[PDB]
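Topology and contacts: notes
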Amino acid sequence: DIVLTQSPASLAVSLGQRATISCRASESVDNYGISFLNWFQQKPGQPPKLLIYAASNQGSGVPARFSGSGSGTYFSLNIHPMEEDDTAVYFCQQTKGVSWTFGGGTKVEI
Amino acid sequence: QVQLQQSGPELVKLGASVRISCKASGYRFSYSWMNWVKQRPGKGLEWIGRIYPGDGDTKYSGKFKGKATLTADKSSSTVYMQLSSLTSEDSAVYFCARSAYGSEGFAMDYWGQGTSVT
Amino acid sequence: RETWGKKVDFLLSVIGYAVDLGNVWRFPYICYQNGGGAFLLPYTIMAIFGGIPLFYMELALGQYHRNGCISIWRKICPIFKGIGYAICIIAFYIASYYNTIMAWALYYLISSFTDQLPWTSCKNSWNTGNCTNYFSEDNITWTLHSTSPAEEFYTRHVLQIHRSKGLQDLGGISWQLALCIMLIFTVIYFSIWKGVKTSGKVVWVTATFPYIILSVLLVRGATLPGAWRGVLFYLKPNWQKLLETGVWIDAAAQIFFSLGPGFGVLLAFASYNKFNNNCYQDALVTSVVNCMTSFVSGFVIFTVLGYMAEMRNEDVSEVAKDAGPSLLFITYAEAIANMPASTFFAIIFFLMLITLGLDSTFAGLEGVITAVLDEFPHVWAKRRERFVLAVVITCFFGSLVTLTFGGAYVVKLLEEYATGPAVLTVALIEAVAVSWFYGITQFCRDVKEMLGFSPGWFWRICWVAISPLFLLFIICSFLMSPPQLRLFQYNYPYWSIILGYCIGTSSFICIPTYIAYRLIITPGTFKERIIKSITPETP
Ligand SMILES: *[C@@H]1O[C@H](CO)[C@@H](O[C@@H]2O[C@H](CO)[C@@H](O)[C@H](O)[C@H]2NC(C)=O)[C@H](O)[C@H]1NC(C)=O
Ligand SMILES: CCCCCCCCCCCCCCCC
Ligand SMILES: CCCCCCCCCCCC
Ligand SMILES: CCCCCCCCCCCC
Ligand SMILES: CCCCCCCCCCCC
Ligand SMILES: CCCCCCCCCC
Ligand SMILES: CCCCCCCCCC
Ligand SMILES: CCCCCCCCCC
Ligand SMILES: CCCCCCCCCC
Ligand SMILES: CCCCCCCCCC
Ligand SMILES: CCCCCCCCCC
Ligand SMILES: CCCCCCC
Ligand SMILES: CCCCCCC
Ligand SMILES: CCCCCCC
Ligand SMILES: CCCCCCC
Ligand SMILES: CCCCCCC
Ligand SMILES: CCCCCCC
Ligand SMILES: CCCCCCC
Ligand SMILES: CCCCCCC
Ligand SMILES: CCCCCCC
Ligand SMILES: CCCCC
Ligand SMILES: CCCCC
Ligand SMILES: CCCCC
Ligand SMILES: CCCCC
Ligand SMILES: [Cl-]
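In terms of determination method and resolution, the entry is listed under cryo-EM at 3.5 Å.

Here's what the structure looks like:
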């Protein structure tokens, strides 16, 4: 399996501040131009919800607040317009071969 | 719209076995994978395995290769999962996420309500 | 009576020679691109008109003069010596664009080692989307923008074309194909390292399995439902497309590519080990066997295409609309995907295809090595090792543009721009030279002296005004009609025509260059220089 770890542990919720979440993909490469990696969001007591797929494209029913960037090994997420509603846990799953595994998850709470 | 439901709560008995179903509807059944994740109370998500409807492939994560049995049924489009040798550790919530239509391979956000066993 | 003595004798020996890639892959694609049935009659007409006489003339020249395509003109016409350089450039372009199909076949054979063939389903193996696998076993409807798993596989795994938006924007280089083309070039270099192959025993082992496996594939396609709908499309007269369409150019290109005249392979391979040994009875039989093999291959391809069209419930000429050289790796893949022993038969088919491609490319690269050694025997004829390696490196460096992500946009360009018009004008020039400058009477007397039988009235009139006039008319029709193509929802840019015309010119410009260069070294006035350069060089 492909080991995927997240460097951050916990952020601070603040109005009008940028949040940066990165996943470690030291053993990973792009196959056909699209990065096999997804971004999820799971609220406390709610099932997980798709946020950003392929790290570049926006999912279904997601506002323009979350914007993904990066390719290859390092990835990033832009949560610049963070309000009091974006308090949840974001995971990081890769879909390269049979290696589907999630990450540690970073909860945001001030 | 693509509806996706699951079964109700169950009881984890020492040495017994359970069966969790996942009835999907609203799109092509035998065209996308059916993921199965595990989430312990307090801990994070944990992938178990995948199954493609149509007797094509059958994959697992590596830690549930002997405790999970994914069974498909194209008659009613209800994917099953039979666990074996349960214990006090397998008491978690099992979801049912439908994979994408190929290249992207992401979750189509059609997740179930969760089968919280106890 | 039905003695079948002609089928009895010499057939088991001629059938082992006419095995090239220009009849199993080039003929079906050309026939389907212009419609089946309406192409067979112009094909055989152009063949009987200008492919057998030129074949016999090249064979006689190679048997009598016994020299390479660069040294042949030293005893016929010193002015038209640039034909050798033109043939070398044409062969370089071939080896630059011909090895791509071999690399694709090798990659397919490598990927066809698992028990589950990737061409059966597209259940998100590597990169898929908008798939339709269940044709009739589940009885589902077919809608627009639907592609079979074979086409998606060929377009997304073996030739990643989605990375490049067109010919004007080329991506990187796929190492998965370079690692195979390097092994192919190494195997090719290890086979022509010495160049000693006249009557080896490898033909009886590499030409017997291809025929039996082709017959097995034929009977498998015939035992497949939906085959009768493809036979009628392959045997339709369609006199409308013959009148004013312009199918003669593709037919002539296929004839000159499958037969051999035009690439200097005959004059190089026939100038040894044979001298006055039952001439006039080999070229015709070889051409007949090649035409029969091409017809069998086209029949198998159309039999598979008929089933493919009956499964999709669409038109026969609408299944592969913009598909070019990918007609093999789709129809053959879908046909093998329904056989009981799919993996073993696929491996055997790819192995025989690779061996046939190797045997066909070993003769193309040989017509240039033995040709330079006859013009410069004081420097290159001694080494025999530093020249073949140099030409292999040159052909490998030139075969890197076709290995790009836009491979389908480069192979389709050099297919009818570097082989269609160039080979045609080279053959026309050499034929008119041998006819007028060397003299038809002298050639007829030489043939009668070297064989003991003068050519008939049909042969003495072909090289005069039958084949040259036809070639000139085809060249004029090709130059006056836009040869613009279309492939994968993107036909071509505007500068593509200019690029193709420039590519087809750099190979032909050698003849006028040598014509304008030879008249400078020889002294005297214009008429004196012409008279001195017209007569051949004396030993
Ligand atoms: C399968 O479906 C996809 C999604 O509609 C098709 O992709 C698009 O192609 C059509 C024309 O073929 C365009 O009009 C759309 O704008 C394209 N979509 C996007 C997002 O660019 C695809 O062509 C279909 N067929 C296949 C993949 O063979
Ligand atoms: C597709 C196979 C075509 C074979 C065509 C063979 C043509 C043979 C022509 C022979 C002409 C002989 C003329 C003799 C005149 C005395
Ligand atoms: C991973 C196994 C690779 C095996 C490659 C075999 C290549 C055979 C080439 C035969 C050419 C005639
Ligand atoms: C999928 C990767 C296939 C690699 C095949 C390599 C075959 C040997 C290449 C040797 C090059 C010198
Ligand atoms: C009708 C278009 C003619 C384009 C001619 C381009 C130049 C051809 C000669 C190139 C020599 C290198
Ligand atoms: C298959 C069509 C062949 C037409 C030419 C037949 C020639 C027969 C010997 C004169
Ligand atoms: C940008 C267009 C590049 C075209 C290259 C054509 C190469 C043909 C073989 C030398
Ligand atoms: C990413 C580019 C990979 C290129 C592999 C082939 C290199 C050949 C160098 C001569
Ligand atoms: C269903 C019709 C099959 C026809 C096969 C013809 C084979 C001809 C071989 C020369
Ligand atoms: C097109 C080049 C040949 C033109 C005619 C030459 C005739 C030479 C007769 C001796
Ligand atoms: C309508 C006349 C077109 C003439 C085109 C000539 C092209 C020569 C390329 C070398
Ligand atoms: C175009 C090929 C030139 C070969 C020169 C060999 C000396
Ligand atoms: C001695 C083998 C050389 C192979 C060269 C491949 C480009
Ligand atoms: C050798 C030809 C076999 C034809 C079989 C048709 C069913
Ligand atoms: C000995 C290597 C020769 C390379 C020639 C490249 C054109
Ligand atoms: C875009 C890559 C071009 C390679 C050219 C090699 C001669
Ligand atoms: C033997 C010469 C024949 C010339 C024919 C010209 C049409
Ligand atoms: C249908 C075209 C026939 C050409 C005959 C040329 C002699
Ligand atoms: C490429 C043309 C060269 C003509 C002179 C050869 C010596
Ligand atoms: C066709 C080229 C003719 C050159 C003549 C130079 C005197
Ligand atoms: C092929 C008959 C002549 C067309 C111009
Ligand atoms: C044929 C390319 C040059 C070799 C010396
Ligand atoms: C069909 C054009 C002929 C020019 C000689
Ligand atoms: C017309 C070309 C002359 C080269 C010396
Ligand atoms: Cl042919």
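That covers the picture; the talk isn't over yet.
Examining the UniProt feature "binding site: serotonin" in chain C
Residues and elements named next belong to chain C. Here the UniProt-annotated "binding site: serotonin" positions come out as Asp20, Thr361, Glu416, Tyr417, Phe478 and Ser481. Across 462 residues in sequence, these annotated residues place their C-alpha atoms as far as 31.7 Å from one another, rather than forming a single compact spot. Among the annotated residues just listed, those that line the largest cavity are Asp20. If you trace the backbone, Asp20 turns up in the loop between α2 (11-14) and α3 (26-33).

Re the site of ligand 7
Close contacts around ligand 7 come from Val401(C), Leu414(C) and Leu499(C), and that covers them all. Its free accessible area being 360 Å², ligand 7 has 62% of it covered by the protein chains.

Topic: the interface of chain B and chain A
Between chain B and chain A, the residue contacts involve 20 residues of the former and 18 residues of the latter. Summed over both partners, the interface of chain B with chain A buries about 1700 Å², with 65% contributed by carbon and sulfur atoms. Joining chain B to chain A, the criterion identifies one salt bridge. Counting across the chain B and chain A interface gives three residue pairs in polar contact.

What about the packing of aromatic side chains?
If you walk through the whole model with that rule in mind, you get 53 aromatic pairs over all chains. Summarising the aromatic geometry, the rings of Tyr32(C) and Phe302(C) are spaced 6.1 Å apart at their centres and angled 75° between planes, so their arrangement reads as edge-to-face. One end of the pair, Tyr32(C), is in helix α3; the other, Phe302(C), is in helix α15 (residues 283-312), and 270 residues separate them in sequence. The same class applies to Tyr32(C) as to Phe302(C), namely buried. Geometrically, the ring pair formed by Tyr417(C) and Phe478(C) is edge-to-face, given 6.5 Å between the ring centres and 65° between the ring planes. Residue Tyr417(C) is located in the loop between α20 (407-411) and α21 (421-437), and its partner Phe478(C) is located in helix α23 (residues 457-480); the two are separated by 61 residues in the primary sequence. Each member of the pair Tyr417(C) and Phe478(C) is classed as buried. Among the aromatic side chains, those forming a connected cluster through ring pairs are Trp104(C), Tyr108(C), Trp119(C), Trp126(C), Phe153(C), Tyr154(C), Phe329(C), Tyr332(C), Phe349(C) and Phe350(C). Geometry around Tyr31(B) places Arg28(B) over its ring, the cationic atom sitting 3.8 Å from the centre.

Some remarks on the state of the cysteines
The final tally for this structure, using the stated rule, is three disulfides over all chains. The disulfide partner of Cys22(B) is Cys96(B), and the S-S distance across this bridge is 2.0 Å. Taking the sign of the torsion about the S-S bond as the criterion, the disulfide between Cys22(B) and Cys96(B), at about -90°, is left-handed. Of the two residues, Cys22(B) is situated in strand β2 (residues 18-25) and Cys96(B) in the loop between β8 (93-94) and β9 (97-98); the sequence distance between them amounts to 74 residues. The burial state of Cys22(B) is the same as that of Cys96(B); both residues are buried. With a sulfur-sulfur separation of 2.0 Å, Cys122(C) is cross-linked through a disulfide to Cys131(C). You can call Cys122(C) buried: its relative accessible area is 9%. The thiol of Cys180(C) is unpaired, and the distance to the nearest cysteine sulfur, on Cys395(C), comes to 19 Å. Overall, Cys180(C) belongs to the buried group, its relative accessible area being 6%.

Points about the sheet that holds strand β1 (residues 3-6) of chain B
Remark on secondary structure: sheet strands pair via backbone hydrogen bonds, oriented parallel or antiparallel. All names here are of chain B. Taken in spatial order, the four strands make up an open sheet running β1-β2-β7-β6, and their pairing is antiparallel. At either end of the open sheet lies a strand with only one pairing partner, and these are β1 and β6 (70-71). Where β1 lies against β2, four bridges are found, and the strand directions are antiparallel. When the sheet's bridge partners are listed, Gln6 is paired in β2 with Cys22.

A closer look at empty space enclosed by the protein
All names here are of chain C. Size it by volume and the largest cavity reaches roughly 110 Å³. Taken together, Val19, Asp20, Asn23, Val24, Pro210, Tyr211, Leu214, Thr293, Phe349, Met352, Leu353 and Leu356 form the lining of the largest cavity. For the lining of the largest cavity, the secondary structure elements donating two or more residues are α10 (208-222) and α17 (342-364). Residue contributions to the lining of the largest cavity peak at four residues, all from α17. Of the residues that constitute the lining of the largest cavity, the class distribution is nine nonpolar, two polar and one charged.

Quick look at the pairing of β2(B)
Residues and elements named next belong to chain B. Side chains of β2 alternate between two faces, with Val18, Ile20, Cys22 and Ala24 buried and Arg19, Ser21, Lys23 and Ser25 left unburied. Bridge count between β2 and strand β7 (residues 78-83): six bridges; the pairing is antiparallel. Paired with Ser21 across the two strands is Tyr80, which belongs to β7.

Conventions we followed
Residues numbered from 1 in each chain as written, not as in the entry; some residues may be left out. Chains lettered and ligands numbered in written order. Heavy atoms only, no water. Residues with missing side-chain atoms left out of burial classes, pairs and counts. UniProt positions renumbered as here; feature names shortened; annotations may be inferred. 1 Å grid on protein atoms, 1.4 Å probe; cavity = no way out; pocket = protein on both sides within 12 Å on 5 of 7 lines; lining within 4 Å. Helix = DSSP H or I, 4+ residues; strand = E, 2+ residues; numbered from the N terminus. Near = heavy atom within 4 Å. Areas by Shrake-Rupley, 256 points an atom, 1.4 Å probe, with all protein chains shown as cover. Contact = heavy atoms within 4.5 Å. Buried area = accessible area lost by both parts, 1.4 Å probe. Salt bridge = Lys/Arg side-chain N within 4 Å of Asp/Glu carboxyl O. Polar contact = N/O pair within 3.5 Å; in protein donor to acceptor, adjacent residues only side chain to side chain. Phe/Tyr/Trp six-rings, centres within 6.5 Å; stacked < 30°, edge-to-face > 60°. Buried < 20%, exposed > 50% of the residue type's maximum accessible area, 1.4 Å probe, protein only. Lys NZ or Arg CZ within 6 Å of the ring centre and 35° of its normal. Disulfide = S-S within 2.5 Å. Pairing = 2+ DSSP bridges. Points joined across faces, edges and corners; volume = space filled by probe spheres on them. Nonpolar A, V, L, I, M, F, W, Y, C, P; charged D, E, K, R; others polar.

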